[PDB]
Structure formats: structure tokens, C-alpha cells
Amino acid sequence: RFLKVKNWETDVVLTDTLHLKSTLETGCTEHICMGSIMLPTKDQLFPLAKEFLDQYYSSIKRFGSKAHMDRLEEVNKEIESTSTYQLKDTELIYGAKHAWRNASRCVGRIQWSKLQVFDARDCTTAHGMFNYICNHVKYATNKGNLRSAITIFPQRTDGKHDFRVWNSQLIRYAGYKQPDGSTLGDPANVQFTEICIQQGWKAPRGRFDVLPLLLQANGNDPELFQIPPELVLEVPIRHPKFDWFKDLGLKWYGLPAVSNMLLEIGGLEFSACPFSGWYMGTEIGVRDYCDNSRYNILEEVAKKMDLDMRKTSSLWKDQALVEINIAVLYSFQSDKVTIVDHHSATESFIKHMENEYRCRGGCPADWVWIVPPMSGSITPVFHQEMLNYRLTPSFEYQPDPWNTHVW
Amino acid sequence: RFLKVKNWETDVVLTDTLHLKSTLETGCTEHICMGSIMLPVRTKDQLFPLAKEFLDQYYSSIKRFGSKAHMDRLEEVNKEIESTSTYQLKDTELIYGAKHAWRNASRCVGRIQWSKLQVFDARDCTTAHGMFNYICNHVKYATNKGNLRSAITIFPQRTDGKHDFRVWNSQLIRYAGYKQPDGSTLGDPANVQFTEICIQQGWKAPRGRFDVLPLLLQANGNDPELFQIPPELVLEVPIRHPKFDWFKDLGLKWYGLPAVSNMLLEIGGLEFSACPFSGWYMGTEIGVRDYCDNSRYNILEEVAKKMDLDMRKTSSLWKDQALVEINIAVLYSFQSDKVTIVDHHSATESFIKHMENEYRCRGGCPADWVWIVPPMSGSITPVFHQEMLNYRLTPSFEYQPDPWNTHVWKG
Ligand code: HEM
Ligand code: HEM
Ligand SMILES: C=NCc1cncc(OCc2ccc3ccc(N)nc3c2)c1
Ligand SMILES: C=NCc1cncc(OCc2ccc3ccc(N)nc3c2)c1
Ligand SMILES: C[C@H](O)[C@H](O)[C@H]1CNc2nc(N)[nH]c(=O)c2N1
Ligand SMILES: C[C@H](O)[C@H](O)[C@H]1CNc2nc(N)[nH]c(=O)c2N1
Ligand SMILES: [Zn+2]
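Line by line, the protein sequences are chains A and B.
FYI, the numbering for the first sequence is 299 to 338, 350 to 716, going by the authors' numbering.
FYI, the numbering for the second sequence is 299 to 338, 348 to 718, going by the authors' numbering.
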């Protein structure tokens, strides 16, 4: 019930008490670990509201205060009447920052308290949403000096009036299926690029076409909007040693801005809550470029380096992978766009873990996601035992809108 | 209950019914996942259900479930337990048990080979000298002049836990570690504690960087004894790089035979506390972990210097770059000397096929993702994208405490 975690490279042992506050379920049982599975009303409402409000007022040294009790009273009265309730601005900000703080799969949580929260709860239309989103993008991008931000659209009411951003990220390249049988652009987005076309989009059918936004307000049909090109900061990808690298014609966008998740605070459900930080190099270099069901460029890069691709034991894929990742970092840095390498970020996370254990009693962490997709054991997180559990407020997964939307 | 797993690179979805035959606990609960935690005397009372369950499995596998041979064997074991508080396995049972323990080892990427395992029955052994002889033969047989063969040597089962056979080495072949008065470590830092024990027990240490450790063997619960593996039996490989000629000057070598000796084999409730087993190396065990862990030989810097990588900023990925070259050199060296080894791409690829085969033929394959995924280049191997269900089946290999922490000294 009081758990210890060991770092095996350093023998440091932390004691986790925070997990006893965990509420939601992991998917695992005593008979089975699902640690590597991708996705494992008024009486419902008030305890949830109460538990959140309890942690809020404790966090501001006002637990058991008149202001505390008043707010509990007040929210309880609002729930009784409206069947929902509204967060005070302060609570909204705490809630958001804490959803990040609790995101067990996030290696960048050391930055969690420095999140810019944009209250977009007065929004009523997709045009409105578009405006809020352009502002988020410009603010977050900041001419390459990235700043973390989240924009929070109105909370779910009766599930018929949901706000949803249909894109999985605010910025992402298109994916088209060729008669050739292959795939042009980003294969991860083939279906979404289709639904854009189905709903009107004029695709330039290229390899790196920034997708249009597909915005859904109040449960209405979603609408297309093109982000101002001048707001989409992109980095051309070159290598600091191989001049042929530029000829591969690769680029990536500076702003990772996840738009498809669900923010839960005090039982309230924010279906449209796009948030953004900045890239860890491997997200692009390892996953986006080298995953087989993505840009899958490994073969071509290797061939250009003239490595022995005959036997896998030449570790040519490994060599190419390293070089590709060197280039991603080199390009971003040269263009003064914020980026962190997998060594710095994992080392930062270890310090953060130690802070959370020391100041909060622990830190929920999903090893399967925290360890970078390359060079795993030469990063400190590899040797770090982690406890995974679900705290609230949280970011949750939610079904893709097209499978849901009552057209 | 049926459980599905998905490969997110291929969209293959498999169905697990095998987890239903799971008993032992995972460490996990509905409120906490302990999936990345490294480590999360038995009465006649608890012994017969364990025996029966095993014997039920064994006889299914040979398509004799419910036959008279099956029933009589259950009878015989039943009686033998109430009479002797334990029982003995038939040779067939031991062999089946050993293979299935490997097959059930959820952290082993090498399980495609599970059915081909040479079982050495050392249950007639009584003394440490007898142990040394058995081990020597294991080493010679498994080595096979570089053409490695999986083998396991099974010494006598636990009785009262007061007469245990134990191999005090974590591996049959492993390099000495020496702490120096200045804080630095000479040799393998992983073995400083065991090295010290050996030294105290009479071992004359050469005090070099790659001294092969002596066998420290415990028979029947008596104090352990030192034995030197004949050098001619210890196959080693000098490490060089195919393009880099300075690499040989790094003075590196490794032993060819990975032979794990500190685990406990459990079969039908019976506990085998000394069951050394051996296969062959996946290149990353040496090249990534043994050479490059900060707490091991830790050669990344020295290799990086020699490569003249930009080492001032970690965003140069000089570490990643040096790691790859070392792993290249490890594979090249072994292949050049015709010592069996497998790269992490081949091994993970084989594991996916094995695992699929296991779902089809067996209804599942327990697998520990945290361990299965290679410690370099994780996502460019197919296992990274594979969902896995982890659970514990018997027969199994279990951890046990280091014998020096539990041994009662005779003098
Ligand atoms: C500022 C620098 C940040 C860095 C370097 C970073 C890093 C990462 C990385 C590498 C992942 C793995 C994701 C993948 O492989 O697809 C991840 C996941 C995640 N991040 Fe962070 N992140 C940052 C900011 C943020 C912010 C601002 C938020 C929310 C306010 C956030 C919330 C999350 C969540 C919820 C996940 C897991 C999502 C899932 O379960 O699929 N991160 N992060
Ligand atoms: C024949 C070629 C084999 C290969 C390539 C192989 C590969 C591996 C690797 C790379 C590991 C992870 C090691 C680590 O990181 O510490 C492992 C773990 C393991 N292997 Fe295999 N193995 C082989 C044969 C065997 C055999 C013959 C047995 C037993 C009869 C076995 C049983 C196990 C067990 C029980 C573990 C888990 C160790 C633990 O929990 O600490 N393997 N294997
Ligand atoms: C697509 N992979 C699974 C998945 C599903 N749904 C959302 C996901 O987002 C990952 C994610 C989330 C937030 C991030 C913030 C910053 C950053 N650099 N990467 C980040 C990556 C990932
Ligand atoms: C010390 N490291 C953890 C550890 C503890 N106790 C036993 C271990 O065994 C690892 C292991 C076990 C069996 C193997 C068989 C073949 C192989 N190539 N590596 C293998 C590696 C590992
Ligand atoms: C099957 C496995 O759970 C899946 O591939 C996970 C593994 N770890 C990951 N880790 C990160 N950071 N991102 C991912 O998308 C994944 N995918
Ligand atoms: C904390 C963590 O469980 C520990 O470092 C694990 C990670 N995965 C591993 N995987 C393998 N194959 N071998 C190991 O020793 C480890 N160590
Ligand atoms: Zn688990």
C-alpha cells in the first residue's frame, strides 16, 4: 500500500503514496498486465465536483475554509438545479495544468505549471473556434520560441451539443492513396484527408500539405478552415554532414498541437481542448519519419548513405535512424525553433519525478511511453521503475467524431 | 473471457484464451500497474493440486489425458506425496517441464527455440565436485565450438529448503569486478560483490579487466566450493569493428555462451534451485547493456572520443552514434569467429512469428513488452508496435534471493 520504486543505474529509491489517491482503472488485474495495450448525472457529478474542489482548496492552503465550504455548497446547489456546473477561471486553470501534471505518458511534465490556458468557453461557432485556434497557434509558436498552451472550448452538456476539433493535431500533413497502390504524404491521415475531401476540401495532392481545420461547434456539422500559412511554422530538414540530405525534400512543422483528446475536470467533460508544447526530436525523426506505416523513409536514407542493406546485422537501419534524428535536431536548432533531444528530456523527467515524489508523494508514469523509441537503455528513464495509475483531472481518449457524429 | 491484442503497424488482431489458465499474480491491480517493476519449504497441503495440474497438462500434450497411464501416475504421485511429502518427476516430465518453463518465460524474446532444448538431468548429483563436472559438460556441449546449442542442467529439487543445491554465480561464465580504493571499478561492475565473495573464499584474482570468474557451487545445503572452469572450455570473442581499425585497441572481448545460473525452476510444485541454462546472445545484451550501461563497462565515452564525435552537446547524438558502432562491432566479431549470435531485428522478427504461432496453436503467448523490446532502436523493431498480454503460467523460471543473503554457514 506504500510502494517503492528503484532506479537500477543509481540505486535511488522513491516511495509512492500518491497512488492511493488514484481513482480510475488501469485495465490490469492481478492475473494480467495490460501495460502495453494502447487503450485499455447528478449523483455521479457531485462527488467528482467535490473531490476536485477538495484538492483545489487544499492546494491553495484553504482546505476546510468558509470559502471552501461556500464553494462546495454553491456548486452543490448549482448541480442540484442545472444538472451541471461551471468552473471558476482559477479552477479551470488548476484543472488544466493538473491534467498535464497527471498525464502518465508525458515525458515533458517538468514544464507542467507553466501552461498558458485560453478560456474559450464563450465560443459558439466553428468560425469562432477557428479564431480561437489561430490565436492559440500564433501565441504558442511565438516565432519559434515555443510556449505551451491549451484552449478550452465549452464543456459537454447532453452529448448532442459537443464541441469537437476533428483533426488529431492542429497541424498535420495530408495523406492520399495512389492508384499506384502506395500512399502519398502521411498515411496516418489518409482517412481524415478523405473526410476533408468528402466535406469539400480542395487538396493540392502533395507530400506535405498542411491539413485544413475541421471544426465542430455545439454538435453542429463540422466546418473546414485553412490556417493562415504565415501562422504555420515549418522546418526544412537538412543534415550537418550530408548535403544530399536536403534533396530528400523533407520538412516538418514546429508545433505539436494535440487536438483529439478529452479534458476531464471535476467531472466536467471538455471534448474540444487542443493543447500544444514543443517536439522531442524522436517524435519526428524516429516515429513520424521511420515508422513503417508513416513516412517510412529508412530505405531511401540508407541507400543514400550507401550502407550494406543486405543483412540486418549490418545495423544499417540503426545507423540511418541515428543520422535522420541528428538532422531533425540540427534543422530545428539552426532555425531557432524549440526542440528537445531524447537525452535532455528524459534526464529532465527524472529530475521531475524526484520533485513529484519529494513534493507530491509520487508521479504516475507509463514506462512503455516514457522510454524514447530509440536508444532506450542509454537514457536514464530506462533504468527507472515507474508506477502507472490514473489521477484526475486527466486527458482521456475519445472516439473519432465521424464514427459518432449524428450527421 | 477472450482478450484481443493489436499490432499497430500491421493491424493484426489476436485473441488470447490462454490467460484463462493463469494462476500466479502479476503485481498489478485495477488501480496500479507495476509493469516496469523489476522484481514485483512447501507443505503436502499445497503440493498435490500443483502436481495434478502439471500432470494434467503433461498428459494432454502427449494426448493421453484421462488414460490409465494418466490416472495411475496421478495415483502414484498422490501416494508418494502423502508418504514422502514430495515426489520425483519422470525423465519425460522433467524434459517437458523444462521446455514449458522456457516457453512460459514472458520476458524472453528467444522463445521460438523453446522446443529444441537439451535437458541434462543432474538429479543424481550429491557434491559440488559432481556439480562442477555436470556444468563443465554443459558448457562444452552447449558451446559446441561456437555453434551454440540451448541446454539446461537440472540439479536436485529442494526438500526442506535446508539442503539446497545452488550455483552462486549469476552466470556460468562472467567477468570479475574489482572496486579500487579510488572509487573506480576494474572489470565488470555488475560482479564486484560476487568477485569479493570468491576472493574471500580463496580465489586468487588476476585483477584484470576480463578475468573469468570461478564457479562457486553449493550442494545439498553445504558451504559452497570454488572451481575453475578449464580455460579451454571458455569460448571468448575479441571485439573489433569492420571499418574501424582502432576498435580492436579498445581491448574488448566477450564470452560466447550466455548461461544464466541464479534462477529457480518450478515444475508441478517442485522447486529446482539450481538449473543453469544457456542459449545464445542477442547482440544488444553485450553491445548495449554490458558495454554501454553507465553501471557496466561504460565504454560510450571512450568510443565516442576515438570516433571524434561532437561530444559537447548531447543533441549531437554522439551517444546514439557510438552505441550503434559498438553493436556493429559485437555482431561482426561474433560472425567473423563463427560464434552463434542474433541481431535484435532478426530476433524480434522471429518473436512476432513465434507469438502469432502461439496464439494460433496455444491460445496465447504471455509476453513482457518492457523486456521484449530491444534496449536500442526500439520502434524500428516490430515488437514495439505489438500489444502484449503479460501473465504467469507454470512451469516457470522464478527469481530467488542471492544465496549469500540466505545461506547458513557451516564453516
Ligand atoms: C512542452 C514540451 C512537451 C514535450 C517534450 C512532451 C513530450 C511528450 C512525448 C514524447 C509524448 C509521447 C507521445 C507520442 O509518442 O505520441 C507525450 C505524450 C503526452 N503528452 Fe506531453 N509533451 C510536452 C507538452 C505537453 C502539454 C503542454 C500537454 C498538455 C497540456 C501534454 C500532454 C500529453 C499527454 C496527455 C500525452 C499522452 C497522450 C496519449 O495518451 O496518447 N504534453 N508528450
Ligand atoms: C537460444 C537463444 C536465446 C535468446 C536469443 C534469448 C534472448 C533473451 C534475451 C535478450 C533476454 C533478456 C535478457 C536481459 O535483458 O537480461 C532473455 C530473457 C530470458 N530468457 Fe531467453 N534467450 C534464449 C534462450 C533461452 C533459454 C534456453 C532459456 C531457458 C531455458 C531462456 C529463458 C529466459 C528467461 C527465464 C528470461 C527472463 C530473465 C529474467 O526474468 O530476469 N532463454 N532471453
Ligand atoms: C497517435 N498515437 C497515439 C496518440 C493518440 N492520441 C494522442 C496522442 O498524442 C501524443 C502527444 C500528446 C501531446 C504531446 C505534447 C507535446 C509533444 N511534443 N508531443 C505530444 C504527443 C497520441
Ligand atoms: C541482471 N540482470 C537481470 C537478470 C537477472 N536474472 C536473470 C537474468 O537473465 C537474463 C537472461 C536469461 C536468459 C538468457 C538466455 C539467452 C540469452 N541470450 N540471454 C539471456 C538473458 C537477468
Ligand atoms: C503496442 C505498444 O503499446 C505501442 O506501440 C506503443 C508503445 N509505446 C509508445 N510510446 C510512445 N511514446 N508513443 C507511442 O505511440 C507508443 N506506442
Ligand atoms: C525499471 C525497468 O523495469 C528495468 O530497467 C528493466 C527495463 N527493461 C529491461 N529489459 C531487458 N531485456 N532487460 C533488463 O534488464 C531490463 N531492465
Ligand atoms: Zn500492469
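For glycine and all other residues, C-beta sits at the position ideal for the given N, C-alpha and C.
Consult DSSP for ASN664 (chain B) and reduce its assignment to one of helix, strand or coil.
Here the question's residue 664 (chain B) lines up with position 357 in the second sequence. In this structure, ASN664 (chain B) counts as helix in the three-state DSSP scheme.
Would you give the residue range spanned by the alpha helix (DSSP H) that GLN420 (chain B) belongs to?
The count along the second sequence starts at 1 and reaches residue 420 (chain B) at position 113. No alpha helix (DSSP H) contains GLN420 (chain B), which DSSP labels as neither H nor E.
Can you have a look at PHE554 (chain A) and say buried or exposed, based on whether 16 or more other CB atoms are within 10 angstroms of its CB?
Taking the first sequence and counting its residues from 1, one reaches residue 554 (chain A) at position 245. So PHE554 (chain A) ends up on the buried side.
Which runs of the beta strand (DSSP E) at least 3 residues long sit entirely within the region 459-526 of chain B? Give them in chain order.
The qualifying runs are 484-486, 492-494 and 522-525.
List the residues that DSSP assigns as beta-bridge partners of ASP428 (chain B).
Residue mapping note: residue 428 (chain B) aligns to position 121 of the second sequence, counting from 1. According to DSSP, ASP428 (chain B) bridges with B:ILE461.
Distance, Cα to Cα, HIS651 (chain B) vs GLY685 (chain B)?
Translated into positions along the second sequence, residue 651 (chain B) becomes position 344. Translated into positions along the second sequence, residue 685 (chain B) becomes position 378. For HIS651 (chain B) and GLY685 (chain B), the distance between alpha carbons rounds to 9 Å.
Nearest by alpha-carbon distance to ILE659 (chain A): which of A:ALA512, A:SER602, A:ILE419 and A:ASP556 is it?
Within the first sequence, residue 659 (chain A) is the residue found at index 350, counting from 1. For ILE659 (chain A), the nearest C-alpha among the options comes from A:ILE419.
Tell me whether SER568 (chain A) sits in a helix, a strand or coil according to DSSP, three-state version.
By one-based count along the first sequence, residue 568 (chain A) stands at place 259. Correct three-state label for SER568 (chain A): coil.
Which of the residues in the region 433-453 of chain B, read from start to end, lie with their CB under 7 Å from any CB of chain A?
For the region 433-453 of chain B, which is checked against every Cβ of chain A, not one residue is closer than 7 Å.
Could you give the C-beta distance for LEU564 (chain B) and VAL446 (chain B), rounded to a whole number, given that I count them as a contact under 8 Å?
Your numbering for residue 564 (chain B) matches position 257 in the second sequence. Your numbering for residue 446 (chain B) matches position 139 in the second sequence. 7 Å between Cβ atoms; contact.
Go through the residues and name those whose CB comes closer than 5 Å to any heavy atom of ligand 4, in chain order.
After applying the 5 Å Cβ criterion, the set is B:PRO565, B:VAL567, B:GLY586 and B:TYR588.
List the residues of chain A that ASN305 (chain B) touches, going by C-beta distances under 9 Å, in chain order.
For the purposes of this step, residue 305 (chain B) is identified with residue 7 of the second sequence, where counting begins at 1. Here the premise fails: no neighbours, minimum Cβ distance about 10 Å.
If you measure between the beta carbons of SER334 (chain A) and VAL690 (chain A), is that distance less than 8 Å?
Translated into the one-based positions of the first sequence, residue 334 (chain A) becomes position 36. Translated into the one-based positions of the first sequence, residue 690 (chain A) becomes position 381. Contact: no.
For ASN529 (chain A) and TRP409 (chain A), I'd like the C-alpha separation in whole angstroms.
Position 220 of the first sequence, counted from the start, is the residue given in the question as residue 529 (chain A). Position 100 of the first sequence, counted from the start, is the residue given in the question as residue 409 (chain A). Those two C-alpha atoms are separated by around 29 Å.
Closer than 7 Å to a non-hydrogen atom of ligand 5 - does that hold for the CB of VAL311 (chain B)?
Residue mapping note: residue 311 (chain B) aligns to position 13 of the second sequence, counting from 1. No, the Cβ of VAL311 (chain B) stays beyond 7 Å of every heavy atom of ligand 5.
Alpha carbon to alpha carbon, how far is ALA449 (chain A) from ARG514 (chain A)?
Numbered from 1 along the first sequence, position 140 holds the residue referred to as residue 449 (chain A). Numbered from 1 along the first sequence, position 205 holds the residue referred to as residue 514 (chain A). Between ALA449 (chain A) and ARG514 (chain A), the C-alpha separation is close to 28 Å.
Comparing the CB of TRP561 (chain B) with every heavy atom of ligand 6, is any distance shorter than 7 Å?
Counting from one through the second sequence, the residue named residue 561 (chain B) turns up at place 254. The answer is no for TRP561 (chain B).
Between which two residues does the beta strand (DSSP E) containing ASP314 (chain A) stretch?
Here the question's residue 314 (chain A) lines up with position 16 in the first sequence. Residues 311-314.
Based on Cα-Cα distance, which residue from B:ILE480, B:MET336, B:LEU533 and B:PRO488 lies nearest to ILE506 (chain B)?
The sequence position of residue 506 (chain B) within the second sequence is 199, counting from 1. When only C-alpha atoms are compared, the closest one is B:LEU533.
Can we count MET570 (chain A) as close to ligand 6, meaning its CB is less than 7 Å from some heavy atom?
Locating residue 570 (chain A) in the first sequence gives position 261, where the first residue counts as 1. Checking the Cβ of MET570 (chain A) against ligand 6 gives no.
What do you get for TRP306 (chain B), buried or exposed, if any count of 16 or more other CB atoms within 10 angstroms of its CB means buried?
Within the second sequence, the letter at position 8 stands for residue 306 (chain B). The residue in question, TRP306 (chain B), is exposed, as its Cβ has fewer than 16 Cβ neighbours within 10 Å.
Kindly give me the distance between the Cβ atoms of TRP475 (chain B) and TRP711 (chain B), rounded to whole angstroms, as I take these residues to be in contact under 8 Å.
Residue mapping note: residue 475 (chain B) aligns to position 168 of the second sequence, counting from 1. Residue mapping note: residue 711 (chain B) aligns to position 404 of the second sequence, counting from 1. Right, their Cβ atoms sit about 7 Å apart.
Is the region 389-404 of chain B in contact with the region 561-581 of chain B, if contact means three or more CB pairs nearer than 8 Å?
With the cut-off at 8 Å, the region 389-404 of chain B and the region 561-581 of chain B touch.
Does any residue of chain B bring its CB to less than 8 Å from the CB of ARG547 (chain A)?
Position 238 of the first sequence holds residue 547 (chain A). It does not; no Cβ of chain B falls within 8 Å.
Rounded to whole angstroms, what's the CA-CA distance from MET336 (chain B) to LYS302 (chain A)? Just pull it up for me.
By 1-based counting over the second sequence, the position of residue 336 (chain B) is 38. By 1-based counting over the first sequence, the position of residue 302 (chain A) is 4. Taking the straight line joining both Cα atoms gives about 12 Å.
Spatial neighbours of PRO538 (chain A) within its chain, please: CB distance less than 8 Å, with the 5 preceding and 5 following residues excluded, ordered by chain position.
For the purposes of this step, residue 538 (chain A) is identified with residue 229 of the first sequence, where counting begins at 1. Excluding residues within five positions, the ones whose Cβ falls inside 8 Å are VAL519.
Could you spell out the range, first to last residue, of the alpha helix (DSSP H) harbouring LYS319 (chain B)?
Taking the first residue of the second sequence as 1, we reach residue 319 (chain B) at position 21. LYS319 (chain B) -> no alpha helix (DSSP H), and no H or E assigned at all.
Would you say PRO682 (chain B) reaches chain A, if we count a Cβ-Cβ gap shorter than 8 Å as a contact?
Within the second sequence, the letter at position 375 stands for residue 682 (chain B). Closer than 8 Å to some Cβ of chain A, the Cβ of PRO682 (chain B) qualifies, so yes.
Secondary structure at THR399 (chain B), three-state DSSP: helix, strand or coil?
By 1-based counting over the second sequence, the position of residue 399 (chain B) is 92. DSSP places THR399 (chain B) in helix when its eight states are reduced to three.
Could you tell me which residues DSSP pairs with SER703 (chain B) in its beta bridges?
For the purposes of this step, residue 703 (chain B) is taken as the residue at position 396 of the second sequence. According to DSSP, which records beta bridges pairwise, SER703 (chain B) is partnered with B:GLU573.
Closer than 8 Å by beta-carbon distance: list the chain B residues that pair up with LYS626 (chain A), in chain order.
As a working note, residue 626 (chain A) is residue 317 in the first sequence. Within chain B, the residues near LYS626 (chain A) are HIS652, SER684 and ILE687.
Who does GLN693 (chain A) pair with in a DSSP beta bridge?
One-based indexing of the first sequence puts residue 693 (chain A) at position 384. Paired residues: A:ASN305.
Using the beta-carbon of each residue, which ones in chain B are nearer than 7 Å to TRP421 (chain A)?
Here residue 421 (chain A) corresponds to residue number 112 of the first sequence, with the count starting at 1. Per Cβ cutoff of 7 Å: no residues; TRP421 (chain A) is ~21 Å from chain B at best.
Whole-angstrom Cβ separation of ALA483 (chain A) and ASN498 (chain A), contact assumed at under 8 Å?
Residue numbering aside, residue 483 (chain A) sits at position 174 when the first sequence is read from its first letter. Residue numbering aside, residue 498 (chain A) sits at position 189 when the first sequence is read from its first letter. That pair is a contact at about 6 Å.
Based on Cα-Cα distance, which residue from A:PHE584, A:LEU316 and A:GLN425 lies nearest to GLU705 (chain A)?
Your numbering for residue 705 (chain A) matches position 396 in the first sequence. Checked all of A:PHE584, A:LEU316 and A:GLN425; the closest Cα to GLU705 (chain A) is A:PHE584.
If you measure from the beta carbon of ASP600 (chain A) to each beta carbon in chain B, is any gap under 8 Å?
Taking the first sequence and counting its residues from 1, the one referred to as residue 600 (chain A) is at position 291. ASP600 (chain A) counts as touching chain B.
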